[PDB]
Each structure stands twice: as C-alpha cells, then as structure tokens.
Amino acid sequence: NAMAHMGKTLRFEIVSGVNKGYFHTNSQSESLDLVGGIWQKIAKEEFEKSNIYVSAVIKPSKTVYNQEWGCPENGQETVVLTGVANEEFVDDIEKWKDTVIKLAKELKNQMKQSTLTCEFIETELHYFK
C-alpha cells in the first residue's frame, strides 16, 4: 500500500558560520553534530509554543570570500540548513515562514555570528508514504 501527495510550497536555506574560536570542533562531522543539537533544542522550544515544528537537513561546507574581510585561506567552516513546508504538517505558509525567520535569528545568536542568510525558494513537493 502507498500514498503520494503533490503540491506547491516553499523551501528554506540558511547558511551559518561555525565559530571554531568558541566551540573548538575538530571535524565537519563534529560541527554537524554541534549545529544539529542546537537546532533540535530551538525547534522543539518553538513547536511547544506554536505547534509548528521546522525540521532541517544539515550539510557540511566551507564558505569562500576575501581574506581582506577576515576569511581564512581556502574558506571559513560553515553549515547549510534546508527544509520544506510539508502540507502534511503545515496549514499556514505565512506563519511557517515567520517561524523559520525567528529560528534563523536564534541560530545566529547561538552560533555567535555577525551575519546570517535565510532564503525562501518556490518548490513542488512530492511526499511519499
């Protein structure tokens, strides 16, 4: 037996530095667990208030910019977080978007970052059960 839902929706992408100066991780595996733990805590706290849980897929990365602006040679250690508003769990896309933005700001604070990006992209989600 099987079920499939298709619909138009939004995905998000967030990019954050990982302040090695403060957290002292030794590998991309370790920094992935660091950010995963922080996200898990803040997402749970928000869900308990609003009944909106924002799950995130987290990927290891480095971000390259001008060394004159503080970038290490070959790039700064970063993590990329992405997720989609699944109609199985989301009834109001505007409130979901507001929740993502709030979580992005909290992550910026917890990771002690000067700057952070949060993007929304239109997507067609097929969800299989």
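For every residue, the number given is its place in the sequence shown, counted from 1.
Asker: Mind pulling up the entry and telling me whether 91 to 99 or 77 to 85 has the higher mean Cα temperature factor?
Answerer: Higher mean C-alpha B-factor in the PDB entry: 91 to 99.
Asker: Would 20 to 28 or 116 to 124 have the larger average of its C-alpha temperature factors, as given in the entry?
Answerer: According to the PDB entry, the answer is 20 to 28.
Asker: Which has the highest CA B-factor per the PDB entry: 55, 63, 50, 66?
Answerer: Out of 55, 63, 50, 66, the record gives the largest C-alpha B-factor to 50.
Asker: Rank-wise, by C-alpha B-factor, drop residue 111 into the lowest, middle or highest third of its chain.
Answerer: Highest third.
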